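Order of writing sets the chain letters: A, B, C, D, E and F. Residues in each chain are counted from 1.
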Amino acid sequence: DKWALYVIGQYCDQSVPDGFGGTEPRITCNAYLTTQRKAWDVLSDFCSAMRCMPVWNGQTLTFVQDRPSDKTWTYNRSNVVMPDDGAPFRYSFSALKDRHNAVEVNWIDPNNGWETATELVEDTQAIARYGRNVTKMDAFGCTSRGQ
Amino acid sequence: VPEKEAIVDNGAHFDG
Amino acid sequence: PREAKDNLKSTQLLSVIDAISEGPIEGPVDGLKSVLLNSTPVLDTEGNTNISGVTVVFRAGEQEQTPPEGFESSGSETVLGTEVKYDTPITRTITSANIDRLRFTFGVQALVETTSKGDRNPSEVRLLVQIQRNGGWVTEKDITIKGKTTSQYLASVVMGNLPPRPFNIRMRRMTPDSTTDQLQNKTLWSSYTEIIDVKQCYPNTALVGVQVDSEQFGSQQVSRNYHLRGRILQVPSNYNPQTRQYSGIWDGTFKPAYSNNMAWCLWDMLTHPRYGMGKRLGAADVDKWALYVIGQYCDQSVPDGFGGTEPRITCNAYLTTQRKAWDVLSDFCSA
Amino acid sequence: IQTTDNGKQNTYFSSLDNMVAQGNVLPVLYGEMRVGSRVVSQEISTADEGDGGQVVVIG
Amino acid sequence: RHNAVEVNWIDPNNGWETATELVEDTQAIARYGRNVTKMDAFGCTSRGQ
Amino acid sequence: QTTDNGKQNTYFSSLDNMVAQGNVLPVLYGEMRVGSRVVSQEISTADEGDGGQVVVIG
C-alpha cells in the first residue's frame, strides 16, 4: 500500500520539539543493517519504530497506523457466537509485573562518537504508587535523543 | 484507549 | 639551561561514601584497625597510624543519624580522561535530573617550551568551557595556565545555575597545537563531577565514607575493604550473645543485641518490617518458640575438626543479591 | 652543571571505582564477614599549592 | 545418591574468599564407585561447620 | 656512533581479517559512520635501498 505508506511518511516528517530547545523531524531512519535477520522481524521493527502495525491483508500488505481511527465496528450479545456456557466474551489482563513505568531506550549517538547510548524515560506519577518496573528496548533507526 | 497519541506527544492529562 | 624550578603542583582530595548493609548494625570489629585501604589496615595491630591524610567516618544505621561530617554536598563523578585537539570539541549533555553545581577537571601532559642552550620555558596554554544555552555555544569559563611541569597538572573549575537538564556542556582548546617537539602543551579533560548541594543522612543504612588526600597516598583508586560486624537482631532476653548461655524460662519478649545465632537471623529475615517480611507476615505468624528451641540447638559446642570447639551453627552471610523470599527462607532452613 | 630539583610530582586518583546503579538492592549483613564497597557518592575536589595563581578564569 | 560432596564456604584466613571442603563416605565409595556433587553451606564461615 | 644514519623502516604488522563467506552485504539507510568489511587486502612491498642486495634464481 504505497498510499498508506505515503500518509505514514508525511506523519513521521512532522516537525516536533527536539528536547534541547530546537525543532526536528518526528521519525527518521539512519540504520546500518549488518546481519541476515528474518524478513518479517525486520519489517515489524520498521513498523514498530514508526507507530503502526503491518497487516498482511491476504492479498496485499498495508500499514494500519496506531491512531484514533473512525469506522469502528460494533459487537454485542446478539452478534458473537454464544457457547454452551453463557460466556460470549472472555477478557484476560496483563500481569502487574509486566506493566512497566520505566524503560532504557538504546540509540546510536553520533555526538559522543557513533556508539550505543541509553536514554532512560520514566513516568514519575506511576512510579510514585505502583512501585517501579524498568525494561529495555532498541528504537530501530534512532540517532537522536528526541526520537 | 483512543486518547493515547494525545498523552504521549502532547503531555495531555487523562485520569486513571 | 634547564627549566623554571617548580610552579604548577596542585593536589587531589577524593571523597567516597560506601552504603553497606542496612538497619542499625554493630560496626567495625576493632575500629579504624579493620578498614584496610588497598589491602593494609588504617592502624596496624599496635595503634600506630600506618596511613596519613585518610579520614574515615562511619554511621551505624539508626533512623536518627546525622549526615556524615566532611561530606558537605554529595555528588556523582564520571572520569573520562581524554585529550582535546585544536578543531575537535568534546560535549557531554549531562542529562541528570537534580544537579546544582558542575565541576570540570582539565589539565596538560606537560607545559615545557625549549630554545637554544637548554632554556626550557613556561608555555601559557588556553582552553574554553561552554554550554549549549538556547541556540549555540556560549562561554561559561575560559582558563589560561602558565608554567612548565614535566607530567600531568590538573586544576578544577565549578559553576552554578545550569539550564534545565536535557542539558549540554562542551570543552575546547584555542592554541593552534604542538606541531614541533620544542613546544608541547596538549590538553586533556580528566573527569567532571555532578554536585547535588544537599546534605542527606541515609536514614537506615550503614554507610562508611572515607577521604584521601593523594599527596599523602599512592594513587591506586583507594580500593576499600571494611572488616565489619552485622545487624543487631532481636534475640530472646535471657540470651547472652557473648557466652551463648540461656538463663532460665524464656517467657518470650526479645531484647536488642548483635548475634551470630543463626535461628535469630532467620527471625529477623521473616519479621523485620522495613527490609524483611514484616508487611506480609507479622510476629505472630512465626512460631518463635520452635525457633527458640532451634537457636539453642545451634549454640551447642561441637568438635572444631582442628581440636578446639565452636557453636554448632552460626550465620555470617552478607546477603547482597535480591532473591525470592521463600528461596532465602529455605536456604536458612537448610543450613 | 646546575641540576633542577623539578619540585614535587602529583598523584591524581587515576582510576575510580564504579557507582552503584539504580534497581540494585541495599545488602543486609549478618555477623562478621569482611565486605567490599558499594559507592553512593564519589567526588573529586582539586586544589593548588604552587607559587601563586597563574591560572585565570573569566565569567 | 551422591557419596562425596564439595561444600563451598567463605574462609576468613586466605582473606575472605571461597574455599571448598571435600567430604567423602569412604565405605560407600569403595562399593558403588564415587559420586561427587557440589553444594554451598548457607551462612558458613567455619571449615568445621 | 660515527655512522648508522637511516630512516627506521615501518611495516603493517596487524591486519583486518577478511569478511568470511555467507556474511550478507549490508544496507546503509541515511547517515551513520560504518566500520570496514575488507574484501581484498594486499601488501605490495618495494625497496629504495642503496643498490640490489637480494638475489633470486629460477
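In this text, a residue touches a chain if its C-beta (ideal position, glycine included) is under 8 Å from a C-beta of that chain, and two chains touch if they have at least 3 such contacts.
The chains other than chain A, kept in their positions, cluster through touching into B | C, D, E | F. Ranked by C-beta contact pairs, the top interface belongs to chains C-D. Geometrically, the chain at the heart of the complex, using CA-atom means, is C.
Put simply, the C-alpha centre of chain C and that of chain F have 48 angstrom between them. Spacing of chain B relative to chain F, judged by their CA centroids, is 58 angstrom.
Averaged C-alpha coordinates give centres for chain C and chain E that are 35 Å from one another.
Once the centre of each chain is set as its mean CA position, chain A and chain D turn out to be 44 Å apart. Across the assembly, chain F contributes no residue that touches 2 or more other chains.
Under the contact definition stated at the top, not a single residue of chain A touches 2 or more other chains.
If you check the complex, the residues on chain C that touch chain D are 1-3, 5-23, 25, 29, 34, 71, 74-77, 79, 103, 105, 139-147, 150-157, 190-191, 193, 195, 202, 205-207, 212, 214-215, 217-231, 258-260, 265, 268-269, 275, 314-322. Touching chain C in their complex are the following residues of chain D: 1-2, 4-17, 19-20, 25-51, 54-59. Across the complex, chain A meets chain F through its residues 28-36, 108, 110, 114, 141, 143.
Touching chain A in their complex are the following residues of chain B: 2-5, 9. Across the complex, chain D is touched by residues 10, 12, 15-16, 43, 45 of chain E.
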